[PDB]
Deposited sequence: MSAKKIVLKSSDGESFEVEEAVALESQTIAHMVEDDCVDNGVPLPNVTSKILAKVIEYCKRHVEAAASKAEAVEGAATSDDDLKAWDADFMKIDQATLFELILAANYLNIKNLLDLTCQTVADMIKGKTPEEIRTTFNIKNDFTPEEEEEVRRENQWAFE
């Protein structure tokens, strides 16, 4: 692998332009982007659950804080969604 049973976990593998040596080392030892690129289901699950745990119970503002997302909602739009969420779907 350039950055048998161990290799075959990856359905992509089953020469890796999109994985770094440092990250590949971790993948073998066993990130989200590599787990997705190499199509390794269990690593995807572990990593995606870990990410989901960073989101659970957090406010929209805390979420884009822990991540690095900007609020692209106009104040009108954000109020309309929040209202629909709370009045109809909670």
Review point. Where are the holes in the model when you compare it to the deposited sequence?
Key: 1-7, 11-19, 31-42, 59-100
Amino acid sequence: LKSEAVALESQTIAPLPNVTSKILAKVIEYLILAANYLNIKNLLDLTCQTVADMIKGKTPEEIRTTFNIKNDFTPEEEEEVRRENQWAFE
From here on, numbers count along this sequence of modelled residues.
Practice item. For residue 10, record whether it is unmodelled in at least a third of the other compared entries of this protein. Key: no
Point to revise | residue 21 dropped in a third or more of the other entries | key: yes
Exercise for review: May I ask you to compare 35-43 and 57-65 by their mean CA B factor in the entry and name the higher one?
Suggested key: 57-65
Check your understanding: If you rank the chain by CA B-factor, which third does residue 74 end up in: lowest, middle or highest?
Key -> middle
Check your understanding: Lowest, middle or highest third of the chain for the C-alpha temperature factor of residue 13?
Key -> lowest
Check your understanding: By its CA B factor, does residue 19 count among the lowest, middle or highest third of the modelled residues in the chain?
Key -> highest
